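Reading through the C-alpha cells given below for one structure.
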Amino acid sequence: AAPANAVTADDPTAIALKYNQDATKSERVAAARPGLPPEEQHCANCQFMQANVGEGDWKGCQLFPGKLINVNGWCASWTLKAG
Ligand code: SF4
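Structure, rendered in C-alpha cells:
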C-alpha cells in the first residue's frame, strides 16, 4: 500500500517522466539513460533520491516535491547517484 503522498500514474510530471513505482514495469531500456546499463537503474541509485525524506521503501525525489517514490522505481530523469 503506497503512502498517501506517493507519486501516482495521472500525475502530469510522472507521465512526462515515465515514472513507475516498479522499475521492472518501466521503459528504462528504451531510454538508455547514461551512467549505468539500463537494467541496473532504479530510484535507489539515482542522484535525485532523497535519503533523508520518507521511510523504508518510500523515499523523497527532488523532482516530485511534496511526495514519495519507491526505491525500486524508475523514471526517465534517472541520473547516477554521484554524491
Ligand atoms: S528522478 Fe531518480 S529518484 Fe526520482 S523518480 Fe526518477 S529515477 Fe526515481
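The sequence shown lines up with residues 1 to 83 when you count with UniProt numbering. By construction, the Cβ of each residue, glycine as well, lies at the ideal position given by its N, Cα and C atoms.
Rounded straight-line distance, which links the Cα of residue j to that of residue i
i   : j   : result
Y19 : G83 : 22 Å
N5  : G35 : 29 Å
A23 : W58 : 14 Å
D10 : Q47 : 24 Å
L63 : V7  : 11 Å
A30 : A76 : 10 Å
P3  : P12 : 18 Å
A1  : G56 : 13 Å
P38 : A16 : 19 Å
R28 : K81 : 16 Å
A51 : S26 : 22 Å
Candidates the options: closest to residue i by CA position
i   : options               : result
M49 : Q21, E55, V71 and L17 : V71
Residues near residue i in its chain [Cβ-Cβ closer than 7 Å; skip 5 each side]
i   : result
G66 : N5
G73 : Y19, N20, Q21, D22, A23, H42 and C43
Residues of its chain near residue i, where Cβ-Cβ distance is below 6 Å and the 5 sequence neighbours each way are ignored
i   : result
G54 : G60 and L68
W78 : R33, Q41 and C46
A14 : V7
Report the residue ranges of all beta strand (DSSP E) runs contained in full by the stretch 16 to 76; include only those spanning at least 3 residues, in chain order. 49 to 55 and 58 to 61
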